[PDB]
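Down below is the structure, laid out as structure tokens.
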Amino acid sequence: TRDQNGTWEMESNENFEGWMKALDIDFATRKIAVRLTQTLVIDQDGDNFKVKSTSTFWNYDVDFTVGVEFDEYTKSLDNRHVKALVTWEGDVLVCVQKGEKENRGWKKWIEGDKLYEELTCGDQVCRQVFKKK
Ligand SMILES: *C/C=C(\C)c1ccc(-c2ccccc2)s1
């Protein structure tokens, strides 16, 4: 299934600190951020997505259309300019962000009642699991 709609509460977070290090996030931010539980809110209608990632420490929102490239500034995360593109590989939603960092982007897919996420940058992969609230 491609239905990623919902409010998703984190269950598991693996190697988030490694992914942040690959993005060059400063020590202070990483040490706080790695402690925190995350929430993902996805609104999905056809190709049109609104995605919000939140903790007590950050709020990161992005809107996009599947299949349409968009220039984006990564704002409070690492303040970099990338060219982003989100597409379907089967029922895996795949984002590639072209720019200074290699292998940058993410993957999201559904397994039963849970949403699985990969965050990639450089040679780092962060693996996450969320349950549907
Ligand atoms: C689909 C998942 C996305 C877009 C994100 C998951 C964590 C993100 C993030 C942004 C800023 C600061 C920390 C984490 S975005």
Side-chain angles (χ1 to χ4, degrees), residues 1-70 72-133:
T1 179
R2 291 186 172 157
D3 179 17
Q4 306 191 350
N5 273 286
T7 303
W8 301 93
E9 293 171 309
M10 167 170 277
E11 287 191 329
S12 182
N13 200 9
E14 177 187 12
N15 196 30
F16 190 57
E17 167 132 41
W19 172 82
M20 283 186 292
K21 274 196 75 140
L23 290 167
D24 307 316
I25 305 183
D26 54 273
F27 176 89
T29 299
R30 297 199 323 268
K31 303 283 140 182
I32 297 314
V34 74
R35 307 171 178 166
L36 304 174
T37 301
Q38 307 180 15
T39 311
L40 199 59
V41 181
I42 300 177
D43 182 288
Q44 160 182 9
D45 177 25
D47 286 334
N48 290 326
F49 277 75
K50 284 147 190 83
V51 179
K52 285 169 280 181
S53 160
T54 54
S55 74
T56 55
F57 197 39
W58 72 78
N59 204 343
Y60 184 95
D61 311 338
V62 65
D63 307 330
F64 60 82
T65 297
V66 171
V68 177
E69 173 181 75
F70 57 111
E72 95 186 301
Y73 189 56
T74 59
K75 285 171 192 172
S76 47
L77 178 62
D78 62 320
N79 315 88
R80 282 185 174 102
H81 293 279
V82 301
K83 300 186 85 152
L85 173 68
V86 181
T87 60
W88 288 108
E89 298 184 357
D91 60 3
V92 182
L93 193 71
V94 176
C95 175
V96 171
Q97 291 164 308
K98 293 191 260 188
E100 170 73 16
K101 300 295 185 178
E102 322 204 30
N103 308 315
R104 185 179 180 153
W106 44 257
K107 309 179 194 66
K108 301 183 214 289
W109 65 92
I110 300 294
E111 298 275 15
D113 53 319
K114 283 155 175 37
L115 180 145
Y116 287 68
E117 187 164 83
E118 284 180 26
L119 315 173
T120 60
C121 186
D123 66 359
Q124 294 302 305
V125 179
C126 164
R127 299 183 208 283
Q128 303 174 326
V129 181
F130 302 74
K131 57 155 171 175
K132 196 132 85 131
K133 183 213 249 163

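In what follows, residues are counted from 1 in the order of the sequence shown. Heavy atoms only: backbone and side chains are in, while hydrogens, waters and symmetry mates are out.
- For the atom pair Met20 CE and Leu119 CG, the distance stands at 10.0 Å (nearest 0.5 Å).
- Contact record, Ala84 with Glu72: CB-OE2, 3.2 Å, taken as the closest heavy-atom pair.
- When all heavy atoms are compared, the tightest approach of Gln4 to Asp91 is NE2-O, 4.4 Å.
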Subject >> Derivation of the salt bridge (charged side-chain N to carboxylate O under 4.0 Å, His left out) call for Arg127 and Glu118 >> reply: CA-CA 5 Å; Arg127 299 183 208 283; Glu118 284 180 26; 3.7 Å; yes
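- Shortest non-hydrogen contact noted between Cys121 and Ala22 is O-CB, 3.6 Å.
- The residues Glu117 and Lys108 are annotated as salt-bridged, a charged nitrogen and a carboxylate oxygen being separated by less than 4.0 angstrom.
- Remark: side-chain polar atoms of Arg2 are paired, donor with acceptor, to backbone N or O of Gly90 under 3.5 angstrom.
- Residues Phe57 and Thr29 are in side-chain contact: their nearest non-hydrogen atoms beyond the backbone lie under 4.5 Å apart.
- Residues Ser76 and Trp58 have side chains that never bring a donor and an acceptor to within less than 3.5 angstrom of each other.
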**OP:** Begin from the C-alpha positions of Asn15 and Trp19 and carry the test side-chain contact (heavy atoms from CB on, under 4.5 Å) through to its verdict.
**Re:** CA-CA 7 Å; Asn15 196 30; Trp19 172 82; 5.7 Å; no
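- Classification of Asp24 and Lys101 as a salt-bridged pair holds, one side-chain N sitting under 4.0 Å from a carboxylate O.
- Using cut-offs of 30° and 60° for the angle between ring planes, the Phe70 and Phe64 rings count as parallel.
- Between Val51 and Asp63 the shortest heavy-atom distance is N-OD1, 4.3 Å.
- In summary, the side chains of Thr65 and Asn48 do present a donor paired with an acceptor at a separation below 3.5 Å, with no hydrogens or angles considered.
- In summary, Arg80 and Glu100 do not engage in a salt bridge, as defined by a charged side-chain N under 4.0 Å from a carboxylate O.
- Sequence neighbours left out, the pairs with a member in residues 34-44 that pass side-chain hydrogen bond (donor to acceptor under 3.5 Å, both in side chains) are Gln38-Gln128.
- Across every non-hydrogen atom of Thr54 and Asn59, the tightest pair is CG2-OD1, 3.1 Å.
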Original post:
side-chain contact (heavy atoms from CB on, under 4.5 Å) between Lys114 and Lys132: does it pass, once the steps are laid out?
Top reply: CA-CA 6 Å; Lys114 283 155 175 37; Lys132 196 132 85 131; over 6 Å; no
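- The NZ atom of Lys133 lies 13.0 Å from the CH2 atom of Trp8; values are rounded to the nearest 0.5 Å.
- Counting only heavy atoms from C-beta outward, the side chains of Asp123 and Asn103 never approach each other to under 4.5 Å.
- To the nearest 0.5 angstrom, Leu115 atom CG is 11.5 Å from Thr7 atom OG1.
- By the 4.0 Å N-to-carboxylate-O rule, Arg104 lies close enough to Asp78 to be salt-bridged with it.
- For the atom pair CG of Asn5 and CZ of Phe49, the computed distance is 7.5 Å after rounding to the nearest 0.5 Å.
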Original post:
Can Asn79 and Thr74 be said to form a side-chain contact (heavy atoms from CB on, under 4.5 Å), step by step?
Top reply: CA-CA 5 Å; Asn79 315 88; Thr74 59; 5.5 Å; no
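- Using a 4.0 Å cut-off between charged side-chain N and carboxylate O, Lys31 and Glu17 make a salt bridge.
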